[PDB]
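Reading through the structure tokens given below for one structure.
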Amino acid sequence: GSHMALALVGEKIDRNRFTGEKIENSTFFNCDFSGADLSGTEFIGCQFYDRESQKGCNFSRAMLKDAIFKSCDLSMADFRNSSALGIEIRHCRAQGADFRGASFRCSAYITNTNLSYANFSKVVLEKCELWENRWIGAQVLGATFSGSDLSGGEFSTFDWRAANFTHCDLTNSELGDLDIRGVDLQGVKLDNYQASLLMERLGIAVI
Amino acid sequence: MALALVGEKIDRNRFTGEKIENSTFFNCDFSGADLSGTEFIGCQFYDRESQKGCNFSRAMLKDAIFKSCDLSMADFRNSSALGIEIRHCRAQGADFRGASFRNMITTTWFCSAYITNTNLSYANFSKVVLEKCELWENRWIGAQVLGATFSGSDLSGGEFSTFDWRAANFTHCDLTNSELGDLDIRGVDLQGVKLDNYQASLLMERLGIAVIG
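Now the structure itself:
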């Protein structure tokens, strides 16, 4: 407990309703958490997406300092303009989630998470933990991930030219179509399989 | 054996097909000489006093062999050197422009040369065609290669500091176990090229990339 198996539908969430609480195995369909204070709040095994209406929940402008989502379905979630310093998103589905304007000032832990088609445009995520994610079709234009750990990632259908990746750890990942002739990889960590992969693209055989 | 010629013009058939050892040839003129199947071993062709070399321009060098010779400043211009063997030689500043290492054969151009363990510093290979040849363990400091093609040749074990990688065709070359100087993979056509793991990590550093591990 003491907040297990809630089932909300279409509600506007009171600002202090969940602050610093732990919430488990609950469903929130089309709920409006905008401006909500979710500091130190922890959701575990919760569903925030309605496959019926195809609606996510609204978290825009929410206070999310030290919030934690663990094994949650955050598909289509709207995290725009939220304050998310130290947020943890672990083992979640976050397909189509929208992080534009969210601030992480950096500290953030988004790991083992499906970020396919998520929107990170202009976002600043420097020296953060962003490992073992799925990034297929994620929008990252103007973003910076500089210095972050992105290792273990899946990056097909992902535009490596669109954001700042200098100083990133990219090891043990599926790089997809990264061309070292047109991408600034100063300070980046790669492994030897990846180095060979990127050189093969130039027609070189590494032996 | 132990010949010691100075300033001579060499008769065309003087040395054809013969084995010459531990001899010196200072300021001699082998121009147009027939040196097919001729083998020189431990011979000096460079006069360290007069600082002059020998002239082999337009010589017939098909299947000639030079081993442990000093061919410094040697002039090989416009010679015919199909299948030539130059091994463990000093050849600093030798001039190979217009030299031919090839001929048309019946089943196509067949190119063939063995230049190995040889100092080619400052040698001139401008426009030379040396494709699919054995060219390994050579020193190439300051060699001029503009317009040359080495395509498909084995250049492994080479020293390519101070060497213009943009000047010549290196596609399909074996470049492994070599000091690559300022080779940069972003600016040179390296299709079909073989490099080893150590070189790859070095070349990646040039891009600021760390390769583990």
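Sequence lines, in order, name chains A and B.
According to the deposited numbering, the residues represented by the first sequence are -2 to 102, 112 to 213, in order.
According to the deposited numbering, the residues represented by the second sequence are 1 to 107, 109 to 214, in order.
Each residue gets a CB set at the ideal place from its N, CA and C atoms; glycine is no exception.
Would residue i and residue j be called neighbours here (beta carbons separated by less than 8 Å)?
i, j, result
"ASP75 (chain B)", "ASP95 (chain B)", "yes"
"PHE26 (chain A)", "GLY7 (chain A)", "yes"
"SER72 (chain B)", "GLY93 (chain B)", "yes"
"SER68 (chain B)", "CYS89 (chain B)", "yes"
"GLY153 (chain B)", "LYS128 (chain B)", "no"
"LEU136 (chain B)", "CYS112 (chain B)", "no"
"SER36 (chain A)", "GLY17 (chain A)", "yes"
CB-CB under 8 Å to residue i, same chain, minus the five flanking residues each way: which ones, in chain order?
i, result
"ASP197 (chain B)", "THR177 and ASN178"
"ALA169 (chain A)", "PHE126, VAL146, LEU147, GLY148, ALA149, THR150 and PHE151"
"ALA201 (chain B)", "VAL212"
"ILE20 (chain B)", "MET1, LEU3, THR38, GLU39, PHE40, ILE41 and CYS43"
"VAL189 (chain A)", "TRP166, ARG167 and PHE171"
"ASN120 (chain A)", "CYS89, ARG90, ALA91, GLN92, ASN139 and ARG140"
"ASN22 (chain A)", "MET1, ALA2, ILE41, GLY42 and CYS43"
"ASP11 (chain B)", "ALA33"
"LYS52 (chain A)", "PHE26, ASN27, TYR46 and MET73"
What are the residues that DSSP puts in a beta bridge with residue i?
i, result
"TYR115 (chain A)", "A:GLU85 and A:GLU135"
"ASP95 (chain B)", "B:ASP75 and B:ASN125"
"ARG102 (chain B)", "B:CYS112"
"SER80 (chain A)", "A:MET60 and A:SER100"
"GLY148 (chain A)", "Answer is none; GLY148 (chain A) lacks a bridge partner."
"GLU180 (chain A)", "A:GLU160"
Would you identify the three-state DSSP class for residue i, choosing helix, strand or coil?
i, result
"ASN198 (chain A)", "helix"
"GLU39 (chain B)", "strand"
"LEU5 (chain A)", "strand"
"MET73 (chain A)", "coil"
"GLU160 (chain B)", "strand"
"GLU206 (chain A)", "helix"
"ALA211 (chain A)", "strand"
"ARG12 (chain B)", "coil"
"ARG167 (chain A)", "coil"
"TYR46 (chain A)", "coil"
"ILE186 (chain A)", "coil"
"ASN120 (chain B)", "strand"
"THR24 (chain A)", "strand"
"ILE142 (chain A)", "coil"
"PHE66 (chain B)", "strand"
"residue 291 (chain B)", "The structure shown has nothing for residue 291 (chain B), since chain B only spans 1 to 214."
Cutting at 7 Å between CB atoms, please list the residues of its own chain near residue i, excluding the five before and the five after it.
i, result
"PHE161 (chain A)", "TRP141, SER179, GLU180, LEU181 and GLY182"
"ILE186 (chain A)", "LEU204"
"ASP175 (chain A)", "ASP155, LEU156, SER157 and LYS195"
"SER79 (chain A)", "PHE56, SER57, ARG58, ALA59, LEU61 and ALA99"
"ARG207 (chain A)", "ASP185"
"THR163 (chain B)", "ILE142, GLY143 and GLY182"
"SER50 (chain A)", "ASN27"
Quick check on the burial criterion: 16 or more other C-beta atoms within 10 angstroms. Buried or exposed for residue i?
i, result
"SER57 (chain A)", "buried"
"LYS9 (chain A)", "exposed"
"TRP110 (chain B)", "exposed"
"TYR46 (chain B)", "buried"
"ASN13 (chain A)", "exposed"
"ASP34 (chain B)", "buried"
"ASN103 (chain B)", "exposed"
"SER122 (chain A)", "buried"
"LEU5 (chain B)", "exposed"
"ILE210 (chain A)", "buried"
"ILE105 (chain B)", "exposed"
Go through its chain and collect everything with a Cβ distance to residue i's Cβ below 6 Å, but skip five positions before and after it.
i, result
"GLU138 (chain B)", "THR117, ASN118 and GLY158"
"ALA81 (chain B)", "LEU61, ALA99 and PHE101"
"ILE84 (chain A)", "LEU61, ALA64 and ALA114"
"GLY193 (chain A)", "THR172 and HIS173"
"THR24 (chain B)", "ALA4 and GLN44"
"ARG77 (chain B)", "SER57, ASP95, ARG97 and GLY98"
"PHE66 (chain A)", "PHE40, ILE86 and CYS89"
Residue i: beta carbon under 7 Å from a heavy atom of the ligand MG?
i, result
"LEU71 (chain B)", "Of the ligands one can find in the structure shown there are none, so the ligand MG has no counterpart to examine."
message = Which residues of the region 166 to 179 of chain B have a Cβ closer than 7 Å to any Cβ of chain D? Give them in chain order.
response = Any reference to chain D falls outside this structure, whose protein chains are A and B.
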